[PDB]
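So the structure is just underneath, and the comments pick up after that.
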Amino acid sequence: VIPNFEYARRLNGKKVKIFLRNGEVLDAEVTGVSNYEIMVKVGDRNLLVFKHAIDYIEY
Amino acid sequence: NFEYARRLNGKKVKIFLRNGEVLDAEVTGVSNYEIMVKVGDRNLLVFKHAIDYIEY
Amino acid sequence: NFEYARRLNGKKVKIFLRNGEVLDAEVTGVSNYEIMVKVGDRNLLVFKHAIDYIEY
Amino acid sequence: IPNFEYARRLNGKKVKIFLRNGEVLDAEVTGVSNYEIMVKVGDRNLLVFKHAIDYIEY
Amino acid sequence: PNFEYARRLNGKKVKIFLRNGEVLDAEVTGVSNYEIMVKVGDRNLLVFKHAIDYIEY
Amino acid sequence: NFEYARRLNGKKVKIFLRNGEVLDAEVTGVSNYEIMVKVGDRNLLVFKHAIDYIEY
Ligand SMILES: O=c1ccn([C@@H]2O[C@H](COP(=O)(O)O)[C@@H](O)[C@H]2O)c(=O)[nH]1
Ligand SMILES: O=c1ccn([C@@H]2O[C@H](COP(=O)(O)O)[C@@H](O)[C@H]2O)c(=O)[nH]1
Ligand SMILES: O=c1ccn([C@@H]2O[C@H](COP(=O)(O)O)[C@@H](O)[C@H]2O)c(=O)[nH]1
Ligand SMILES: O=c1ccn([C@@H]2O[C@H](COP(=O)(O)O)[C@@H](O)[C@H]2O)c(=O)[nH]1
Ligand SMILES: O=c1ccn([C@@H]2O[C@H](COP(=O)(O)O)[C@@H](O)[C@H]2O)c(=O)[nH]1
Ligand SMILES: O=c1ccn([C@@H]2O[C@H](COP(=O)(O)O)[C@@H](O)[C@H]2O)c(=O)[nH]1
Ligand SMILES: [Cl-]
Ligand SMILES: [Cl-]
Ligand code: NA
Ligand code: NA
Ligand code: NA
Ligand code: NA
Ligand code: NA
């Protein structure tokens with residue numbers, strides 16, 4: 001039990017806005033989180049998003 | 001197991017992002033890779049890799 | 001340990017790179033740091049650090 | 001050996017920090033961790049992430 | 001894990017698409033965890049993998 | 001886990017930085033994450049993450 005380990009895993013199943021490093025914004029639902037990836041649904045599309053490409057997430 | 005960023009928990013700071021934005025933020029949590037903040041009525045998860053520096 | 005990218009092996013995907021390029025790519029291999037693809041007749045080694053996201 | 005770094009040898013020194021965003025910090029170094037450099041810049045206190053630094057002149 | 005496909009490029013002549021838009025026509029002479037050593041014409045370069053977007057071979 | 005950059009210690013090199021700058025340098029030290037150089041009269045600590053490639 002390490003409380004301050006990874007906050008991103010708590011986003012699984014949630015509606016979020018993902019702000020990517022190039023300025024793109026994803027209105028997403030999170031469908032999975034790994035150490036390095038966040039899986040999302042955006043509209044009809046399924047995306048694997050690398051965390052290194054994310055600047056911040058609004059939730 | 002030491003990070004200076006942990007010293008900023010609960011504090012008002014200015015986060016200078018790699019995208020050029022400056023967040024007027026209250027820090028609500030610090031993990032190894034993330035900083036959780038309140039900016040106005042918004043809750044953000046900020047990745048440390050996207051931060052250039054923090055003024056405190 | 002676990003990664004979702006390995007499950008894309010054998011799929012045809014759209015890889016959106018950090019430079020704004022998109023690759024219409026058949027995935028032929030995945031390692032911790034790399035994704036091997038065929039794009040048309042070209043064979044590429046793509047570094048995961050250069051990928052923003054993948055549509056599958 | 002493990003965790004040797006030159007950056008902590010700049011601890012307590014006046015330096016110029018050239019950031020990836022084009023900014024140059026005229027800085028006094030007050031602490032160095034594995035991933036961060038703490039600095040005073042004039043009357044400002046900054047936590048600078050090493051990943052945002054291109055090079056440091058000392 | 002901790003397999004690298006890049007090691008198999010040793011001895012090949014490849015196109016390295018760098019993160020800034022430059023492209024190197026490069027003979028690979030060595031590969032480490034973080035670096036690719038190349039010959040580009042008469043020039044010897046150490047290329048950091050973090051600066052590479054992709055490699056065509 | 002080997003690194004080629006260590007063998008640049010003491011050598012004249014040209015360092016091509018991610019910002020488009022080029023350093024005509026002599027290497028004075030190499031660590032896991034840093035390369036120390038002299039450029040003319042200036043002493044610099046260069047982070048490897050900021051380097052694209054090195055001509056030597
Ligand atoms: O256990 C881990 C490992 C990595 N990351 C995320 O992945 C990024 C690594 O991206 P890269 O620069 O290594 O490609 C980290 O900055 C962090 O955001 C995590 O959240 N947890
Ligand atoms: O234990 C760790 C691991 C990573 N980081 C921060 O997360 C960043 C990861 O960025 P990246 O791996 O995406 O490049 C590091 O540069 C550092 O600022 C930490 O603070 N502590
Ligand atoms: O065991 C690992 C190591 C790395 N990565 C991902 O690959 C990136 C590095 O790949 P590359 O493009 O940098 O070669 C990491 O930041 C992370 O996103 C993984 O998924 N698993
Ligand atoms: O033990 C460490 C870990 C990281 N760093 C610096 O922090 C950066 C964090 O980037 P990354 O490893 O997250 O990609 C490294 O590139 C390096 O400049 C160090 O100096 N020592
Ligand atoms: O064992 C390793 C360690 C790193 N890398 C590559 O080197 C990069 C290091 O650069 P970065 O972590 O600073 O982006 C990794 O992202 C990955 O592409 C490997 O291929 N194998
Ligand atoms: O043992 C290491 C660790 C890092 N690096 C360099 O520092 C960069 C950032 O460190 P990291 O992201 O691999 O931790 C890497 O891309 C690589 O160029 C090395 O040469 N050797
Ligand atoms: Cl929180
Ligand atoms: Cl393959
Ligand atoms: Na981070
Ligand atoms: Na980084
Ligand atoms: Na850092
Ligand atoms: Na590298
Ligand atoms: Na580095």
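Residues in the structure tokens are named by chain (A, B, ... in the order shown) and by number from 1 within that chain; ligands are numbered from 1 in the order shown.
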Subject >> Spatial neighbours of residue C:34, max dist 6 Å, only C-alpha atoms, sep filter under 6 positions, as a VMD selection string >> reply: chain C and resid 46 to 48
Limited to C-alpha atoms, could you put the picked residues into a file as a short mmCIF file (atom, residue, chain, number, x, y, z; two decimals), in the first residue's frame?
```
data_model
loop_
_atom_site.label_atom_id
_atom_site.label_comp_id
_atom_site.auth_asym_id
_atom_site.auth_seq_id
_atom_site.Cartn_x
_atom_site.Cartn_y
_atom_site.Cartn_z
CA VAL C 46 9.28 2.96 -34.53
CA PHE C 47 10.37 4.14 -31.09
CA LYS C 48 7.49 4.25 -28.61
#
```
Identify, counting only C-alpha atoms and all ligand atoms, the protein, DNA and RNA residues located within 9 Å of ligand 2, and give them as a PDB file with C-alpha atoms, in the first residue's frame.
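Final output, saved to out.pdb:
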```pdb
ATOM      1  CA  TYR A  36       3.044   3.769 -19.535  1.00  0.00           C
ATOM      2  CA  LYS A  51       1.501   8.886 -20.997  1.00  0.00           C
ATOM      3  CA  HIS A  52       4.704  10.587 -22.230  1.00  0.00           C
ATOM      4  CA  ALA A  53       2.570  12.404 -24.828  1.00  0.00           C
TER       5      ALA A  53
ATOM      6  CA  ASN B   1      13.135   8.033  -1.803  1.00  0.00           C
ATOM      7  CA  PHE B   2      13.363  11.845  -1.920  1.00  0.00           C
ATOM      8  CA  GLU B   3      11.653  14.470  -4.082  1.00  0.00           C
ATOM      9  CA  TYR B   4      11.682  18.237  -3.595  1.00  0.00           C
ATOM     10  CA  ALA B   5       8.249  18.318  -5.242  1.00  0.00           C
ATOM     11  CA  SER B  31       3.301  10.976  -6.798  1.00  0.00           C
ATOM     12  CA  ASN B  32       6.520   9.783  -8.395  1.00  0.00           C
ATOM     13  CA  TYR B  33       5.358  10.865 -11.843  1.00  0.00           C
ATOM     14  CA  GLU B  34       2.436  13.233 -11.302  1.00  0.00           C
ATOM     15  CA  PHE B  47       2.545  14.838 -15.541  1.00  0.00           C
ATOM     16  CA  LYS B  48       5.921  15.912 -14.222  1.00  0.00           C
ATOM     17  CA  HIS B  49       7.479  15.293 -17.650  1.00  0.00           C
ATOM     18  CA  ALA B  50       5.297  18.153 -18.946  1.00  0.00           C
ATOM     19  CA  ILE B  51       6.536  20.626 -16.326  1.00  0.00           C
TER      20      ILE B  51
ATOM     21  CA  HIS C  49       8.832   7.580 -27.257  1.00  0.00           C
TER      22      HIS C  49
ATOM     23  CA  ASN D  34      18.010  12.802  -9.006  1.00  0.00           C
ATOM     24  CA  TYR D  35      15.421  14.599 -11.132  1.00  0.00           C
ATOM     25  CA  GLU D  36      15.284  18.194  -9.873  1.00  0.00           C
ATOM     26  CA  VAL D  48      13.511  23.084 -12.077  1.00  0.00           C
ATOM     27  CA  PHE D  49      13.125  19.626 -13.590  1.00  0.00           C
ATOM     28  CA  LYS D  50      16.354  18.341 -15.121  1.00  0.00           C
ATOM     29  CA  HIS D  51      14.394  17.081 -18.152  1.00  0.00           C
ATOM     30  CA  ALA D  52      13.590  20.714 -19.007  1.00  0.00           C
TER      31      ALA D  52
END
```
Determine, using only C-alpha atoms, which residues of chain C have any atom at most 7 Å from an atom of chain A, and tabulate each with its shortest atom pair and distance in Å to one decimal place, rows ordered by chain and then rising number, as a tab-separated table.
```
residue	atom	partner	partner_atom	distance
C:2	CA	A:34	CA	6.7
C:3	CA	A:34	CA	6.2
C:52	CA	A:53	CA	5.0
C:53	CA	A:49	CA	4.3
C:54	CA	A:48	CA	5.1
C:55	CA	A:47	CA	4.5
C:56	CA	A:46	CA	6.0
```
List as a PDB file with N, CA, C and O atoms, in the first residue's frame the protein and nucleic acid residues near stretch 10-24 of chain E, meaning an atom at most 8 Å away when only C-alpha atoms are counted, but skip any in the same chain fewer than 2 places from it.
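The result, written out as out11.pdb:
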```
ATOM      1  N   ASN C  19       5.742  14.170 -34.265  1.00  0.00           N
ATOM      2  CA  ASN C  19       6.013  15.174 -35.299  1.00  0.00           C
ATOM      3  C   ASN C  19       4.795  15.496 -36.158  1.00  0.00           C
ATOM      4  O   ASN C  19       4.888  16.246 -37.120  1.00  0.00           O
ATOM      5  N   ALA C  50       8.418   8.220 -29.554  1.00  0.00           N
ATOM      6  CA  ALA C  50       8.065   9.128 -30.635  1.00  0.00           C
ATOM      7  C   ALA C  50       6.581   9.059 -30.967  1.00  0.00           C
ATOM      8  O   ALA C  50       6.099   9.815 -31.815  1.00  0.00           O
TER       9      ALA C  50
ATOM     10  N   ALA E   6      16.405  -3.077 -32.242  1.00  0.00           N
ATOM     11  CA  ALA E   6      17.434  -2.205 -32.831  1.00  0.00           C
ATOM     12  C   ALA E   6      18.802  -2.883 -32.974  1.00  0.00           C
ATOM     13  O   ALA E   6      19.545  -2.550 -33.889  1.00  0.00           O
ATOM     14  N   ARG E   7      19.116  -3.840 -32.099  1.00  0.00           N
ATOM     15  CA  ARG E   7      20.400  -4.552 -32.172  1.00  0.00           C
ATOM     16  C   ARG E   7      20.565  -5.249 -33.507  1.00  0.00           C
ATOM     17  O   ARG E   7      21.684  -5.365 -34.026  1.00  0.00           O
ATOM     18  N   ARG E   8      19.452  -5.728 -34.059  1.00  0.00           N
ATOM     19  CA  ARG E   8      19.462  -6.467 -35.320  1.00  0.00           C
ATOM     20  C   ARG E   8      19.768  -5.576 -36.511  1.00  0.00           C
ATOM     21  O   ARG E   8      19.937  -6.073 -37.631  1.00  0.00           O
ATOM     22  N   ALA E  26      22.493   6.124 -43.020  1.00  0.00           N
ATOM     23  CA  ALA E  26      23.455   5.741 -41.996  1.00  0.00           C
ATOM     24  C   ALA E  26      23.774   4.259 -41.986  1.00  0.00           C
ATOM     25  O   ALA E  26      22.885   3.420 -41.926  1.00  0.00           O
ATOM     26  N   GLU E  27      25.064   3.946 -42.023  1.00  0.00           N
ATOM     27  CA  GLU E  27      25.503   2.576 -41.804  1.00  0.00           C
ATOM     28  C   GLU E  27      25.663   2.371 -40.308  1.00  0.00           C
ATOM     29  O   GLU E  27      26.419   3.092 -39.665  1.00  0.00           O
ATOM     30  N   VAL E  28      24.923   1.416 -39.752  1.00  0.00           N
ATOM     31  CA  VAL E  28      24.958   1.167 -38.313  1.00  0.00           C
ATOM     32  C   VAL E  28      26.198   0.357 -37.963  1.00  0.00           C
ATOM     33  O   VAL E  28      26.414  -0.741 -38.508  1.00  0.00           O
ATOM     34  N   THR E  29      27.017   0.899 -37.062  1.00  0.00           N
ATOM     35  CA  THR E  29      28.251   0.224 -36.661  1.00  0.00           C
ATOM     36  C   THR E  29      28.247  -0.273 -35.219  1.00  0.00           C
ATOM     37  O   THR E  29      29.153  -1.005 -34.807  1.00  0.00           O
ATOM     38  N   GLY E  30      27.231   0.107 -34.452  1.00  0.00           N
ATOM     39  CA  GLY E  30      27.117  -0.338 -33.075  1.00  0.00           C
ATOM     40  C   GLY E  30      25.790   0.073 -32.474  1.00  0.00           C
ATOM     41  O   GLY E  30      25.236   1.095 -32.860  1.00  0.00           O
ATOM     42  N   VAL E  31      25.279  -0.729 -31.550  1.00  0.00           N
ATOM     43  CA  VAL E  31      24.024  -0.405 -30.867  1.00  0.00           C
ATOM     44  C   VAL E  31      24.153  -0.692 -29.379  1.00  0.00           C
ATOM     45  O   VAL E  31      24.531  -1.794 -28.989  1.00  0.00           O
ATOM     46  N   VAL E  40      28.044   8.073 -41.548  1.00  0.00           N
ATOM     47  CA  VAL E  40      27.280   8.792 -42.559  1.00  0.00           C
ATOM     48  C   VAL E  40      28.298   9.397 -43.507  1.00  0.00           C
ATOM     49  O   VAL E  40      28.899  10.433 -43.217  1.00  0.00           O
ATOM     50  N   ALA E  51      16.474  10.733 -29.710  1.00  0.00           N
ATOM     51  CA  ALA E  51      16.361  11.742 -30.764  1.00  0.00           C
ATOM     52  C   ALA E  51      15.837  11.154 -32.064  1.00  0.00           C
ATOM     53  O   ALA E  51      15.697  11.871 -33.045  1.00  0.00           O
ATOM     54  N   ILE E  52      15.573   9.852 -32.077  1.00  0.00           N
ATOM     55  CA  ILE E  52      15.107   9.173 -33.275  1.00  0.00           C
ATOM     56  C   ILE E  52      13.596   8.972 -33.200  1.00  0.00           C
ATOM     57  O   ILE E  52      13.081   8.553 -32.162  1.00  0.00           O
ATOM     58  N   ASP E  53      12.877   9.265 -34.283  1.00  0.00           N
ATOM     59  CA  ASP E  53      11.454   8.942 -34.321  1.00  0.00           C
ATOM     60  C   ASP E  53      11.241   7.517 -34.842  1.00  0.00           C
ATOM     61  O   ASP E  53      10.586   6.682 -34.184  1.00  0.00           O
ATOM     62  N   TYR E  54      11.798   7.237 -36.023  1.00  0.00           N
ATOM     63  CA  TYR E  54      11.772   5.881 -36.560  1.00  0.00           C
ATOM     64  C   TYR E  54      12.925   5.647 -37.520  1.00  0.00           C
ATOM     65  O   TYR E  54      13.592   6.589 -37.939  1.00  0.00           O
ATOM     66  N   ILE E  55      13.136   4.383 -37.853  1.00  0.00           N
ATOM     67  CA  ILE E  55      14.228   3.945 -38.707  1.00  0.00           C
ATOM     68  C   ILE E  55      13.653   3.094 -39.817  1.00  0.00           C
ATOM     69  O   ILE E  55      12.897   2.148 -39.552  1.00  0.00           O
ATOM     70  N   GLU E  56      13.961   3.453 -41.061  1.00  0.00           N
ATOM     71  CA  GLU E  56      13.567   2.606 -42.183  1.00  0.00           C
ATOM     72  C   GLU E  56      14.739   1.721 -42.563  1.00  0.00           C
ATOM     73  O   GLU E  56      15.858   2.218 -42.720  1.00  0.00           O
ATOM     74  N   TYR E  57      14.492   0.430 -42.740  1.00  0.00           N
ATOM     75  CA  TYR E  57      15.590  -0.475 -43.085  1.00  0.00           C
ATOM     76  C   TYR E  57      15.180  -1.416 -44.201  1.00  0.00           C
ATOM     77  O   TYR E  57      13.997  -1.494 -44.548  1.00  0.00           O
TER      78      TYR E  57
ATOM     79  N   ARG F  18      19.107  19.554 -29.382  1.00  0.00           N
ATOM     80  CA  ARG F  18      17.719  19.453 -29.825  1.00  0.00           C
ATOM     81  C   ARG F  18      17.155  20.809 -30.222  1.00  0.00           C
ATOM     82  O   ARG F  18      16.210  20.868 -31.011  1.00  0.00           O
ATOM     83  N   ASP F  52      20.935  15.509 -29.780  1.00  0.00           N
ATOM     84  CA  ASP F  52      20.418  14.640 -30.825  1.00  0.00           C
ATOM     85  C   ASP F  52      21.514  13.673 -31.289  1.00  0.00           C
ATOM     86  O   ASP F  52      21.329  12.474 -31.288  1.00  0.00           O
TER      87      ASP F  52
END
```
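Inside stretch 8-57 of chain E, the residues DSSP reads as helix (DSSP H, G or I) when given the backbone are residues 8, 9, 49, 50 and 51 of chain E.
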Subject >> After fitting chain B to chain F over every Cα pair taken in order, the RMSD >> reply: 0.5 Å
**OP:** Counting only C-alpha atoms and all ligand atoms, name the residues that have an atom within 7 Å of an atom of ligand 7; the answer should be given as a ChimeraX atom specification.
**Re:** /B:28-29,36
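Pairwise distance (atom 14 (O, counted along the ligand's line) of ligand 5, atom CA of residue E:47) equals 12.6 Å.
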**OP:** Return as number ranges by chain the full set of residues in chain E whose backbone-based DSSP assignment is strand (DSSP E or B).
**Re:** E: 13-18, 23-31, 35-40, 43-48, 52-56
Chain E residues within 7 Å of chain F, counting only C-alpha atoms: which ones, as a short mmCIF file (atom, residue, chain, number, x, y, z; two decimals) with N, CA, C and O atoms, in the first residue's frame?
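Writing done, so here's out06.cif:
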```cif
data_model
loop_
_atom_site.label_atom_id
_atom_site.label_comp_id
_atom_site.auth_asym_id
_atom_site.auth_seq_id
_atom_site.Cartn_x
_atom_site.Cartn_y
_atom_site.Cartn_z
N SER E 32 23.86 0.30 -28.56
CA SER E 32 23.80 0.10 -27.12
C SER E 32 22.37 0.30 -26.63
O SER E 32 21.46 0.50 -27.44
N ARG E 43 31.64 10.65 -42.06
CA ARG E 43 31.40 11.10 -40.69
C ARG E 43 31.01 9.97 -39.76
O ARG E 43 30.20 9.11 -40.10
N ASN E 44 31.60 9.96 -38.56
CA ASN E 44 31.18 9.03 -37.53
C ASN E 44 30.32 9.78 -36.53
O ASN E 44 30.72 10.84 -36.02
N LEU E 45 29.12 9.26 -36.27
CA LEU E 45 28.19 9.88 -35.33
C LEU E 45 27.76 8.94 -34.22
O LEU E 45 27.60 7.73 -34.43
N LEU E 46 27.57 9.51 -33.04
CA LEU E 46 26.85 8.85 -31.96
C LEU E 46 25.44 9.44 -31.97
O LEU E 46 25.28 10.65 -31.78
N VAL E 47 24.44 8.60 -32.24
CA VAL E 47 23.05 9.08 -32.28
C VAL E 47 22.31 8.57 -31.05
O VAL E 47 22.31 7.38 -30.78
N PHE E 48 21.69 9.48 -30.31
CA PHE E 48 20.89 9.01 -29.17
C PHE E 48 19.52 8.51 -29.64
O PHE E 48 18.86 9.18 -30.45
N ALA E 51 16.47 10.73 -29.71
CA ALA E 51 16.36 11.74 -30.76
C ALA E 51 15.84 11.15 -32.06
O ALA E 51 15.70 11.87 -33.04
#
```
**OP:** Compute the set of protein, DNA and RNA residues whose minimum atom distance to ligand 12 is at most 6 Å, using only C-alpha atoms and all ligand atoms, and state it as a PyMOL selection string.
**Re:** chain E and resi 34-35+48-50
Would you mind exporting the chosen residues as a PDB file, in the first residue's frame, restricted to N, CA and C atoms?
```
ATOM      1  N   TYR E  34      21.061   2.848 -25.249  1.00  0.00           N
ATOM      2  CA  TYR E  34      20.562   4.200 -25.477  1.00  0.00           C
ATOM      3  C   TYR E  34      21.103   4.891 -26.721  1.00  0.00           C
ATOM      4  N   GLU E  35      22.045   4.246 -27.413  1.00  0.00           N
ATOM      5  CA  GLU E  35      22.752   4.882 -28.523  1.00  0.00           C
ATOM      6  C   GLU E  35      22.782   3.998 -29.764  1.00  0.00           C
ATOM      7  N   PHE E  48      21.686   9.478 -30.307  1.00  0.00           N
ATOM      8  CA  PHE E  48      20.888   9.009 -29.167  1.00  0.00           C
ATOM      9  C   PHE E  48      19.523   8.513 -29.642  1.00  0.00           C
ATOM     10  N   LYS E  49      19.127   7.336 -29.162  1.00  0.00           N
ATOM     11  CA  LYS E  49      17.832   6.789 -29.553  1.00  0.00           C
ATOM     12  C   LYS E  49      16.692   7.742 -29.222  1.00  0.00           C
ATOM     13  N   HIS E  50      16.799   8.496 -28.118  1.00  0.00           N
ATOM     14  CA  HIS E  50      15.723   9.431 -27.770  1.00  0.00           C
ATOM     15  C   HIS E  50      15.488  10.507 -28.834  1.00  0.00           C
TER      16      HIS E  50
END
```
